[PDB]
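*Asks:* Handing over protein_34.cif, mmCIF, C-alpha atoms and all ligand atoms.
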```cif
data_final
#
loop_
_atom_site.group_PDB
_atom_site.id
_atom_site.type_symbol
_atom_site.label_atom_id
_atom_site.label_comp_id
_atom_site.auth_asym_id
_atom_site.auth_seq_id
_atom_site.Cartn_x
_atom_site.Cartn_y
_atom_site.Cartn_z
ATOM 1 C CA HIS A 4 94.876 105.518 97.848
ATOM 2 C CA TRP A 5 97.447 102.992 98.973
ATOM 3 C CA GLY A 6 96.552 99.929 101.014
ATOM 4 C CA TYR A 7 97.149 96.176 101.176
ATOM 5 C CA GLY A 8 94.774 94.863 98.534
ATOM 6 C CA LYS A 9 95.429 93.401 95.080
ATOM 7 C CA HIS A 10 94.905 96.735 93.425
ATOM 8 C CA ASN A 11 96.550 99.140 95.851
ATOM 9 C CA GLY A 12 99.010 96.920 97.771
ATOM 10 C CA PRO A 13 102.806 96.828 98.157
ATOM 11 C CA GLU A 14 103.453 96.008 94.459
ATOM 12 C CA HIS A 15 101.716 99.282 93.509
ATOM 13 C CA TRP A 16 103.214 101.680 96.047
ATOM 14 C CA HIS A 17 106.230 102.681 93.909
ATOM 15 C CA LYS A 18 104.003 104.570 91.460
ATOM 16 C CA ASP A 19 103.072 107.154 94.080
ATOM 17 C CA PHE A 20 106.193 106.654 96.279
ATOM 18 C CA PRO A 21 109.177 105.963 94.004
ATOM 19 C CA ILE A 22 111.407 105.571 97.071
ATOM 20 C CA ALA A 23 109.693 102.156 97.369
ATOM 21 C CA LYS A 24 112.564 100.943 95.106
ATOM 22 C CA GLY A 25 115.264 102.824 97.056
ATOM 23 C CA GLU A 26 118.563 101.810 98.581
ATOM 24 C CA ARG A 27 117.467 101.324 102.210
ATOM 25 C CA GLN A 28 113.930 99.967 102.209
ATOM 26 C CA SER A 29 112.270 97.943 104.966
ATOM 27 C CA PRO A 30 111.401 95.338 106.028
ATOM 28 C CA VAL A 31 114.103 92.830 105.119
ATOM 29 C CA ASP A 32 114.846 89.198 105.742
ATOM 30 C CA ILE A 33 117.293 88.760 108.594
ATOM 31 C CA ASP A 34 119.665 86.011 107.579
ATOM 32 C CA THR A 35 120.945 85.000 111.018
ATOM 33 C CA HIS A 36 124.019 83.261 109.726
ATOM 34 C CA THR A 37 125.105 86.332 107.673
ATOM 35 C CA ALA A 38 124.423 88.962 110.381
ATOM 36 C CA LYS A 39 127.659 90.076 112.062
ATOM 37 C CA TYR A 40 128.156 90.334 115.777
ATOM 38 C CA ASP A 41 129.352 93.889 116.501
ATOM 39 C CA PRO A 42 131.037 93.838 119.933
ATOM 40 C CA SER A 43 131.036 97.651 119.966
ATOM 41 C CA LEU A 44 127.224 97.847 120.009
ATOM 42 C CA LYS A 45 125.997 99.079 123.392
ATOM 43 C CA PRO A 46 123.107 97.515 125.271
ATOM 44 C CA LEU A 47 119.771 98.999 124.440
ATOM 45 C CA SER A 48 118.340 101.373 127.017
ATOM 46 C CA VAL A 49 114.564 101.233 127.113
ATOM 47 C CA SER A 50 113.224 103.763 129.594
ATOM 48 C CA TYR A 51 109.461 103.472 129.681
ATOM 49 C CA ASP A 52 108.691 103.976 133.397
ATOM 50 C CA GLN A 53 107.272 107.485 132.794
ATOM 51 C CA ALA A 54 105.325 106.602 129.625
ATOM 52 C CA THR A 55 102.091 108.499 129.169
ATOM 53 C CA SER A 56 99.719 106.806 126.729
ATOM 54 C CA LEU A 57 96.840 108.933 125.500
ATOM 55 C CA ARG A 58 94.700 107.436 122.806
ATOM 56 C CA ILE A 59 94.263 104.451 120.500
ATOM 57 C CA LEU A 60 93.330 105.151 116.841
ATOM 58 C CA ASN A 61 92.227 102.956 113.917
ATOM 59 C CA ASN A 62 93.839 104.811 110.977
ATOM 60 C CA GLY A 63 92.565 102.444 108.292
ATOM 61 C CA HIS A 64 95.872 100.547 107.993
ATOM 62 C CA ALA A 65 96.550 99.505 111.564
ATOM 63 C CA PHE A 66 95.746 100.816 115.021
ATOM 64 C CA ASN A 67 98.151 103.188 116.798
ATOM 65 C CA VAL A 68 98.520 103.551 120.574
ATOM 66 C CA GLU A 69 99.737 107.136 120.909
ATOM 67 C CA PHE A 70 101.916 108.663 123.626
ATOM 68 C CA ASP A 71 102.698 112.127 124.977
ATOM 69 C CA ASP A 72 105.962 112.902 123.221
ATOM 70 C CA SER A 73 106.201 116.547 124.307
ATOM 71 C CA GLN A 74 108.774 115.660 127.012
ATOM 72 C CA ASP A 75 111.332 112.882 127.596
ATOM 73 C CA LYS A 76 108.918 110.435 129.268
ATOM 74 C CA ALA A 77 109.451 107.179 127.370
ATOM 75 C CA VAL A 78 112.769 107.057 125.571
ATOM 76 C CA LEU A 79 115.065 104.686 123.744
ATOM 77 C CA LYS A 80 118.814 105.214 123.841
ATOM 78 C CA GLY A 81 122.021 103.226 123.461
ATOM 79 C CA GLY A 82 122.401 100.263 121.177
ATOM 80 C CA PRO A 83 123.388 101.655 117.719
ATOM 81 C CA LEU A 84 121.845 105.051 118.561
ATOM 82 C CA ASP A 85 123.487 108.353 119.322
ATOM 83 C CA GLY A 86 121.174 110.528 121.357
ATOM 84 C CA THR A 87 117.654 110.245 122.698
ATOM 85 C CA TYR A 88 114.632 108.966 120.872
ATOM 86 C CA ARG A 89 111.118 109.598 122.186
ATOM 87 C CA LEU A 90 108.283 107.094 121.949
ATOM 88 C CA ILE A 91 105.431 108.514 119.886
ATOM 89 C CA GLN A 92 103.250 105.464 119.123
ATOM 90 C CA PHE A 93 103.205 101.732 118.726
ATOM 91 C CA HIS A 94 101.250 99.576 116.334
ATOM 92 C CA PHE A 95 101.267 96.069 114.889
ATOM 93 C CA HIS A 96 101.181 94.283 111.538
ATOM 94 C CA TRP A 97 99.454 90.903 111.397
ATOM 95 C CA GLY A 98 98.225 88.122 109.145
ATOM 96 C CA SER A 99 94.959 86.407 108.222
ATOM 97 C CA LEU A 100 96.625 83.152 109.330
ATOM 98 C CA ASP A 101 99.095 82.395 112.133
ATOM 99 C CA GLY A 102 101.829 81.501 109.597
ATOM 100 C CA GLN A 103 102.120 85.047 108.266
ATOM 101 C CA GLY A 104 101.852 88.674 109.389
ATOM 102 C CA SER A 105 105.323 89.874 110.278
ATOM 103 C CA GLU A 106 107.180 92.330 108.077
ATOM 104 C CA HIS A 107 110.694 91.295 108.987
ATOM 105 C CA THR A 108 111.464 87.609 108.585
ATOM 106 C CA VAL A 109 114.184 85.533 110.251
ATOM 107 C CA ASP A 110 115.835 83.043 107.890
ATOM 108 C CA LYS A 111 112.727 83.487 105.780
ATOM 109 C CA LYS A 112 110.491 82.548 108.724
ATOM 110 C CA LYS A 113 107.338 84.640 109.136
ATOM 111 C CA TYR A 114 105.817 85.328 112.531
ATOM 112 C CA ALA A 115 102.094 85.829 113.201
ATOM 113 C CA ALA A 116 102.550 89.510 113.825
ATOM 114 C CA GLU A 117 105.111 92.236 114.496
ATOM 115 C CA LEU A 118 104.997 95.091 117.002
ATOM 116 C CA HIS A 119 106.626 98.434 116.089
ATOM 117 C CA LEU A 120 107.454 100.892 118.839
ATOM 118 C CA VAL A 121 108.150 104.091 116.984
ATOM 119 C CA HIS A 122 110.547 106.727 118.393
ATOM 120 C CA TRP A 123 112.011 109.977 117.028
ATOM 121 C CA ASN A 124 115.356 111.697 117.589
ATOM 122 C CA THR A 125 114.837 114.688 119.880
ATOM 123 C CA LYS A 127 117.551 116.692 118.123
ATOM 124 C CA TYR A 128 115.052 117.293 115.305
ATOM 125 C CA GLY A 129 112.364 118.863 117.553
ATOM 126 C CA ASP A 130 109.273 117.111 116.199
ATOM 127 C CA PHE A 131 108.286 113.905 114.437
ATOM 128 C CA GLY A 132 107.533 115.539 111.103
ATOM 129 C CA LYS A 133 111.040 117.027 110.930
ATOM 130 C CA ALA A 134 112.591 113.748 112.117
ATOM 131 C CA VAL A 135 111.078 111.662 109.283
ATOM 132 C CA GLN A 136 113.023 113.864 106.810
ATOM 133 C CA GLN A 137 116.377 112.826 108.344
ATOM 134 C CA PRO A 138 118.459 109.668 107.810
ATOM 135 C CA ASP A 139 118.763 109.174 111.584
ATOM 136 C CA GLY A 140 115.395 110.588 112.439
ATOM 137 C CA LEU A 141 113.573 107.504 113.811
ATOM 138 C CA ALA A 142 114.371 104.393 115.776
ATOM 139 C CA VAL A 143 111.766 101.639 115.535
ATOM 140 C CA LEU A 144 111.928 98.757 117.999
ATOM 141 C CA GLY A 145 110.468 95.681 116.249
ATOM 142 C CA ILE A 146 109.245 92.715 118.275
ATOM 143 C CA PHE A 147 107.913 89.471 116.765
ATOM 144 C CA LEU A 148 104.705 87.827 117.975
ATOM 145 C CA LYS A 149 104.135 84.083 117.870
ATOM 146 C CA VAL A 150 100.949 82.329 118.794
ATOM 147 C CA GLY A 151 101.020 80.297 122.027
ATOM 148 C CA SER A 152 100.411 81.538 125.568
ATOM 149 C CA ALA A 153 98.624 84.838 126.135
ATOM 150 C CA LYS A 154 100.601 88.005 126.744
ATOM 151 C CA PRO A 155 98.920 89.547 129.750
ATOM 152 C CA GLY A 156 100.293 93.020 129.060
ATOM 153 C CA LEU A 157 98.576 93.010 125.656
ATOM 154 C CA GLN A 158 95.133 92.310 126.956
ATOM 155 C CA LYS A 159 94.154 95.933 127.694
ATOM 156 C CA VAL A 160 94.863 96.681 123.978
ATOM 157 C CA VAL A 161 92.811 93.666 122.819
ATOM 158 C CA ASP A 162 89.860 94.691 124.943
ATOM 159 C CA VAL A 163 89.474 98.229 123.559
ATOM 160 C CA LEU A 164 89.533 97.089 119.914
ATOM 161 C CA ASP A 165 85.720 96.741 119.742
ATOM 162 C CA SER A 166 85.480 100.467 120.362
ATOM 163 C CA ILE A 167 87.721 101.334 117.356
ATOM 164 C CA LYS A 168 86.484 98.766 114.857
ATOM 165 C CA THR A 169 86.468 101.044 111.826
ATOM 166 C CA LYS A 170 88.727 103.627 110.163
ATOM 167 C CA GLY A 171 88.813 107.001 111.902
ATOM 168 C CA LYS A 172 87.585 105.750 115.269
ATOM 169 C CA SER A 173 89.590 106.583 118.348
ATOM 170 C CA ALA A 174 89.258 105.918 122.072
ATOM 171 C CA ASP A 175 90.856 107.240 125.244
ATOM 172 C CA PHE A 176 93.741 104.944 126.191
ATOM 173 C CA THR A 177 95.555 106.353 129.184
ATOM 174 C CA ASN A 178 97.796 104.640 131.747
ATOM 175 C CA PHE A 179 98.926 101.853 129.446
ATOM 176 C CA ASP A 180 102.355 100.472 130.238
ATOM 177 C CA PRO A 181 104.311 99.413 127.153
ATOM 178 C CA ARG A 182 106.864 97.564 129.303
ATOM 179 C CA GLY A 183 104.289 94.729 129.388
ATOM 180 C CA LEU A 184 104.829 94.092 125.683
ATOM 181 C CA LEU A 185 108.595 93.365 125.921
ATOM 182 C CA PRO A 186 110.287 89.991 125.932
ATOM 183 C CA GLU A 187 112.850 89.090 128.601
ATOM 184 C CA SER A 188 115.917 89.600 126.439
ATOM 185 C CA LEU A 189 116.906 92.823 124.656
ATOM 186 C CA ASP A 190 119.342 91.016 122.265
ATOM 187 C CA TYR A 191 118.760 92.590 118.848
ATOM 188 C CA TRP A 192 119.685 92.938 115.188
ATOM 189 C CA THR A 193 120.063 96.411 113.725
ATOM 190 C CA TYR A 194 120.253 97.930 110.226
ATOM 191 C CA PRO A 195 119.403 101.211 108.451
ATOM 192 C CA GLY A 196 116.045 101.243 106.714
ATOM 193 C CA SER A 197 112.723 102.914 106.129
ATOM 194 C CA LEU A 198 109.094 103.315 107.113
ATOM 195 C CA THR A 199 107.343 100.179 105.965
ATOM 196 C CA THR A 200 104.217 102.046 104.776
ATOM 197 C CA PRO A 201 103.940 105.021 102.472
ATOM 198 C CA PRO A 202 105.628 107.479 102.428
ATOM 199 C CA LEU A 203 108.385 104.841 102.862
ATOM 200 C CA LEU A 204 110.876 107.484 104.019
ATOM 201 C CA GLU A 205 114.436 106.277 104.583
ATOM 202 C CA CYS A 206 114.685 107.629 108.112
ATOM 203 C CA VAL A 207 114.706 104.562 110.380
ATOM 204 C CA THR A 208 117.314 102.835 112.428
ATOM 205 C CA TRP A 209 115.696 99.427 112.830
ATOM 206 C CA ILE A 210 116.287 97.542 116.049
ATOM 207 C CA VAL A 211 114.620 94.094 115.862
ATOM 208 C CA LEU A 212 114.586 91.943 119.006
ATOM 209 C CA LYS A 213 115.721 88.347 118.659
ATOM 210 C CA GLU A 214 113.231 86.990 121.266
ATOM 211 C CA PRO A 215 109.563 86.970 120.188
ATOM 212 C CA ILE A 216 106.677 87.420 122.602
ATOM 213 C CA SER A 217 103.908 84.870 122.745
ATOM 214 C CA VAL A 218 100.281 85.923 122.356
ATOM 215 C CA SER A 219 97.233 83.686 122.440
ATOM 216 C CA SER A 220 95.179 82.547 119.499
ATOM 217 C CA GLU A 221 92.250 84.543 120.986
ATOM 218 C CA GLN A 222 94.340 87.696 121.206
ATOM 219 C CA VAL A 223 95.429 87.662 117.535
ATOM 220 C CA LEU A 224 91.861 86.622 116.499
ATOM 221 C CA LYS A 225 90.623 89.898 117.967
ATOM 222 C CA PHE A 226 93.131 91.866 115.885
ATOM 223 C CA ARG A 227 91.590 90.197 112.816
ATOM 224 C CA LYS A 228 88.092 91.493 113.652
ATOM 225 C CA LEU A 229 89.120 95.094 113.030
ATOM 226 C CA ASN A 230 88.121 96.779 109.784
ATOM 227 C CA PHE A 231 90.095 98.680 107.130
ATOM 228 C CA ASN A 232 86.900 100.448 106.127
ATOM 229 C CA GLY A 233 84.971 103.236 107.760
ATOM 230 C CA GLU A 234 81.644 102.801 109.520
ATOM 231 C CA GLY A 235 78.783 102.348 107.068
ATOM 232 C CA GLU A 236 81.111 101.105 104.328
ATOM 233 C CA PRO A 237 81.346 97.503 103.156
ATOM 234 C CA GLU A 238 83.241 95.403 105.691
ATOM 235 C CA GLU A 239 86.837 94.561 104.862
ATOM 236 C CA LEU A 240 88.682 92.749 107.649
ATOM 237 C CA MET A 241 91.933 94.375 108.688
ATOM 238 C CA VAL A 242 94.278 91.434 108.081
ATOM 239 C CA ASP A 243 97.525 91.029 106.141
ATOM 240 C CA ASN A 244 98.584 94.655 106.682
ATOM 241 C CA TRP A 245 102.251 93.804 106.198
ATOM 242 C CA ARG A 246 104.806 94.670 103.529
ATOM 243 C CA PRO A 247 106.974 91.747 102.385
ATOM 244 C CA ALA A 248 110.773 91.639 102.667
ATOM 245 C CA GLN A 249 112.649 94.041 100.397
ATOM 246 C CA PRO A 250 116.124 93.623 98.864
ATOM 247 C CA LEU A 251 118.952 94.180 101.342
ATOM 248 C CA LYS A 252 121.100 95.929 98.734
ATOM 249 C CA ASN A 253 124.235 97.530 100.150
ATOM 250 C CA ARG A 254 123.547 96.896 103.826
ATOM 251 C CA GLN A 255 124.882 94.640 106.583
ATOM 252 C CA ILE A 256 122.708 93.583 109.463
ATOM 253 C CA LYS A 257 124.564 93.741 112.776
ATOM 254 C CA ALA A 258 123.858 91.601 115.840
ATOM 255 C CA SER A 259 124.268 92.663 119.436
ATOM 256 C CA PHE A 260 124.851 89.057 120.514
ATOM 257 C CA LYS A 261 126.834 85.968 119.620
HETATM 258 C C1 LIG A 301 105.226 110.884 107.421
HETATM 259 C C2 LIG A 301 104.720 109.754 108.249
HETATM 260 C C3 LIG A 301 103.240 109.673 108.443
HETATM 261 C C4 LIG A 301 102.756 109.243 109.785
HETATM 262 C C5 LIG A 301 103.530 108.022 110.199
HETATM 263 O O1 LIG A 301 103.975 107.998 111.332
HETATM 264 N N1 LIG A 301 103.767 106.902 109.316
HETATM 265 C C6 LIG A 301 104.489 105.708 109.729
HETATM 266 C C7 LIG A 301 104.551 104.683 108.799
HETATM 267 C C8 LIG A 301 105.217 103.491 109.064
HETATM 268 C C9 LIG A 301 105.789 103.251 110.298
HETATM 269 S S1 LIG A 301 106.585 101.669 110.535
HETATM 270 N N2 LIG A 301 105.563 100.476 110.025
HETATM 271 O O2 LIG A 301 106.910 101.590 111.971
HETATM 272 O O3 LIG A 301 107.798 101.736 109.703
HETATM 273 C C10 LIG A 301 105.709 104.270 111.276
HETATM 274 C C11 LIG A 301 105.067 105.488 110.988
HETATM 275 C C12 LIG A 301 101.250 109.075 109.854
HETATM 276 C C13 LIG A 301 100.660 108.853 108.505
HETATM 277 C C14 LIG A 301 100.642 110.323 110.407
HETATM 278 C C15 LIG A 301 100.887 107.933 110.758
HETATM 279 ZN ZN ZN A 302 104.934 99.294 111.392
#
```
Would you write out, as structure tokens, the structure that this file holds?

*Replies:*
Amino acid sequence: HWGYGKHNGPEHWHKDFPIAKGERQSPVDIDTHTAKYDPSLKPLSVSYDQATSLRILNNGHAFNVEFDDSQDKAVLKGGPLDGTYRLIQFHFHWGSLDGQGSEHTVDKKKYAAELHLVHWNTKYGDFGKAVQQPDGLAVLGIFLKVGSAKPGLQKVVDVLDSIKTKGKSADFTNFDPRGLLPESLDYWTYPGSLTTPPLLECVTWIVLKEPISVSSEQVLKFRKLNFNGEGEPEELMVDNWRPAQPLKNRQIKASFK
């Protein structure tokens, strides 16, 4: 099965998921000098006041904080998007070292981690239908650098001991994802894909320009998670990121000058 090791990692994925070599794969490097300001892009609208978190799950590749997406409670609209996209889960990718871990890069710079807030287009009725459409998902990507702690992340950090291994879940209600956002909503946007198998080309990527800062202790706790299940040999969940893929016939647009 796919993963992030030498024998089942990103270089291998194309054998089971040929779309790995497709025309709109993610992540990509964001060359800031080549991205074009698009004055017709609208401001993002992030409406998370009614968010209802439910559960946190270690799925063997990352951990997902899941939300009630059966009503318009936490939605993303505006920016490059037409219509309403519902928040279904967020998760992170991170490194074994502070100098790596992000999936997107910015002028080839790697951040310590990257947060993905995953949303799906309500016109397709459910998430499984949405992933089969070219405009099915909108993922808000936010870079993490190591410095000061992010207070709004701490409730996530503190439950991680309870979901150490693959297949473990824990109740995770009343979490407010607004506490994970930077001050600015300036962004880059481009059409791409899921960054793990099945690598479906269904994502409008919206990557914020401003990173959040998290503490060394916070990212260290991410690195104590396990890819393996309980009672299996311990493999630390680190370096669960896919490297930058060729941009091909795409232009990255910026919401800002
Ligand atoms: C068909 C999809 C399967 C489901 C899924 O949501 N996968 C997924 C993969 C990558 C990203 S990312 N890194 O934001 O691009 C977001 C979601 C699954 C396996 C149930 C979690
Ligand atoms: Zn992701």

*Asks:* Using only C-alpha atoms and all ligand atoms, which residues have at least one atom no more than 7 Å from ligand LIG 301 (chain A)? Output them as a ChimeraX atom specification.

*Replies:* /A:119-121,132,135,143,197-202

*Asks:* Neighbours of residue A:109 within 8 Å (only C-alpha atoms; same-chain residues fewer than 5 positions away dropped), as a list in words?

*Replies:* residues 32, 33, 34 and 35 of chain A

*Asks:* Determine the residue membership of the PyMOL selection byres (((chain A and resi 251) around 12) and not hetatm) for the file above and supply it as a PyMOL selection string.

*Replies:* chain A and resi 24-34+37-38+107+194-197+248-250+252-256

*Asks:* Nearest residue to ligand ZN 302 (chain A) out of A:151, A:104, A:8, A:138, using all atoms listed in the file?

*Replies:*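 Of all the options, A:104 lies closest to ligand ZN 302 (chain A).
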
*Asks:* Using only C-alpha atoms and a cutoff of 9 Å, can you tell me which residues are near (97.9, 98.9, 100.3) in the file's coordinates, and write them out as number ranges by chain?

*Replies:* A: 4-16, 64, 200-201, 244-246

*Asks:* Step by step, work through what the PyMOL selection byres (((chain A and resi 176-178) around 12) and not hetatm) selects in the shown file, and finish by giving those residues as a PyMOL selection string.

*Replies:* chain A and resi 51-60+67-71+92+159-164+166-167+173-175+179-182

*Asks:* Now that the selection is made, can you save its residues with C-alpha atoms as a compact mmCIF listing (two decimals), in the frame of the given file?

*Replies:*
```
# COMPACT_ATOMS: atom_id res chain seq x y z
CA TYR A 51 109.46 103.47 129.68
CA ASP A 52 108.69 103.98 133.40
CA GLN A 53 107.27 107.48 132.79
CA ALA A 54 105.32 106.60 129.62
CA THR A 55 102.09 108.50 129.17
CA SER A 56 99.72 106.81 126.73
CA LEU A 57 96.84 108.93 125.50
CA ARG A 58 94.70 107.44 122.81
CA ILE A 59 94.26 104.45 120.50
CA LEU A 60 93.33 105.15 116.84
CA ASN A 67 98.15 103.19 116.80
CA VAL A 68 98.52 103.55 120.57
CA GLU A 69 99.74 107.14 120.91
CA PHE A 70 101.92 108.66 123.63
CA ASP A 71 102.70 112.13 124.98
CA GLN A 92 103.25 105.46 119.12
CA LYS A 159 94.15 95.93 127.69
CA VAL A 160 94.86 96.68 123.98
CA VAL A 161 92.81 93.67 122.82
CA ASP A 162 89.86 94.69 124.94
CA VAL A 163 89.47 98.23 123.56
CA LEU A 164 89.53 97.09 119.91
CA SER A 166 85.48 100.47 120.36
CA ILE A 167 87.72 101.33 117.36
CA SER A 173 89.59 106.58 118.35
CA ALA A 174 89.26 105.92 122.07
CA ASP A 175 90.86 107.24 125.24
CA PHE A 179 98.93 101.85 129.45
CA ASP A 180 102.36 100.47 130.24
CA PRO A 181 104.31 99.41 127.15
CA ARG A 182 106.86 97.56 129.30
```

*Asks:* Quick check on the file I pasted: which residues fall under the PyMOL selection byres (((chain A and resi 208-215) around 7) and not hetatm)? Write them as an mmCIF file with C-alpha atoms, keeping the file's coordinate frame.

*Replies:*
```cif
data_model
loop_
_atom_site.group_PDB
_atom_site.id
_atom_site.type_symbol
_atom_site.label_atom_id
_atom_site.label_comp_id
_atom_site.auth_asym_id
_atom_site.auth_seq_id
_atom_site.Cartn_x
_atom_site.Cartn_y
_atom_site.Cartn_z
ATOM 1 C CA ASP A 139 118.763 109.174 111.584
ATOM 2 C CA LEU A 141 113.573 107.504 113.811
ATOM 3 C CA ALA A 142 114.371 104.393 115.776
ATOM 4 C CA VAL A 143 111.766 101.639 115.535
ATOM 5 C CA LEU A 144 111.928 98.757 117.999
ATOM 6 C CA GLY A 145 110.468 95.681 116.249
ATOM 7 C CA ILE A 146 109.245 92.715 118.275
ATOM 8 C CA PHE A 147 107.913 89.471 116.765
ATOM 9 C CA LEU A 148 104.705 87.827 117.975
ATOM 10 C CA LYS A 149 104.135 84.083 117.870
ATOM 11 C CA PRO A 186 110.287 89.991 125.932
ATOM 12 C CA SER A 188 115.917 89.600 126.439
ATOM 13 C CA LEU A 189 116.906 92.823 124.656
ATOM 14 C CA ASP A 190 119.342 91.016 122.265
ATOM 15 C CA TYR A 191 118.760 92.590 118.848
ATOM 16 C CA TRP A 192 119.685 92.938 115.188
ATOM 17 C CA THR A 193 120.063 96.411 113.725
ATOM 18 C CA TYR A 194 120.253 97.930 110.226
ATOM 19 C CA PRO A 195 119.403 101.211 108.451
ATOM 20 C CA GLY A 196 116.045 101.243 106.714
ATOM 21 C CA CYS A 206 114.685 107.629 108.112
ATOM 22 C CA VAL A 207 114.706 104.562 110.380
ATOM 23 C CA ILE A 216 106.677 87.420 122.602
ATOM 24 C CA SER A 217 103.908 84.870 122.745
#
```

*Asks:* Grab the atom CA of residue A:88 to atom CA of residue A:118 distance for me, in Å with one decimal place.

*Replies:*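 Interatomic distance here is 17.3 Å.
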
*Asks:* Using atom CA of residue A:96 and atom CA of residue A:242 as the two end points, give the distance in Å to one decimal.

*Replies:*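 That distance, rounded to one decimal, is 8.2 Å.
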